[PDB]
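Below you'll find only one chain, the form deposited in one PDB entry, shown as structure tokens.
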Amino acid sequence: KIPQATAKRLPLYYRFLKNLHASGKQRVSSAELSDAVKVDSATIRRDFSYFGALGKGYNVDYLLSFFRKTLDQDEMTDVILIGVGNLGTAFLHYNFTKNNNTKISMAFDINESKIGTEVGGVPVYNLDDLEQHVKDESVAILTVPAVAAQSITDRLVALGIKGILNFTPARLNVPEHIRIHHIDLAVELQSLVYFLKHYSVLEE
């Protein structure tokens, strides 16, 4: 599937393996794993094929790193960027802190000389290829001209984007379950200006 019940056991296996690794333990059997998560050995066997783990019992150090990698994978927020112009490339040069499991994993453009580049260590792909690159990523940054932003949005939601930071003047239409932060920079500037004239916040 992976079945929900299996997926919910993963952090439980992890916590058990950390404790064991701290205590100096080198091997762990199915029976010990079963006792730790209150299941039986067949469940360990099935869950570990879902996870992609390799055994024989198990090496504590191997399984700890493996489950660590897997939870890190599951917990990281991979972000896509569309539009690699001035604002887009500044964002690709953004230095996210260590404690912060967010990164922009990929970028998209339509300019042939953008396409095929690595900007700030992230690959820029043809926007044509959006559907063949996007699987799991749940968040997108939009830094395209306002005119392109709606058709790109339509596609992002169809691919399973759930959250969008809109840095364009466009007012996006999306399904009620899509969370949109609209950061129009010209509006932010004009809001600051307005406040120092009127000492109240600008509508909208």
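C-alpha atoms forming the largest set that superposes within 1.5 Å between two forms make up the rigid core. From 1 onward, residues are counted along the sequence shown.
The mean Cα B-factor in the deposited entry runs higher for 143 to 151 than for the other of 143 to 151 and 41 to 49. Relative to one another, 5 to 13 and 184 to 192 have unequal mean CA B-factors, and 184 to 192 is the one with the higher figure. The PDB entry gives the largest Cα B-factor of the residues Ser34, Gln26, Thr168, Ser65 to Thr168.
In the PDB entry, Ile164 places in the middle third of its chain by CA B-factor.
The form deposited in another entry exists for this protein as well; it is not shown, and the discussion that follows is about that form.
For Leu64, the Cα coordinates differ by 2 angstroms or more between this form and the one not shown after the core has been superposed.
When two forms of a protein are overlaid on their rigid core, residues whose CA moves 2 Å or more are considered shifted, and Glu32 is one of them between this form and the one not shown.
A displacement of less than 2 angstroms separates the C-alpha positions of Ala158 between this form and the one not shown, with the rigid core held in common.
Between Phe67 and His133, the C-alpha separation grows by 3 Å or more in that other deposited form, relative to the conformation displayed.
In that other deposited form, the CA atoms of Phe66 and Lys135 move apart by 3 angstroms or more relative to this form.
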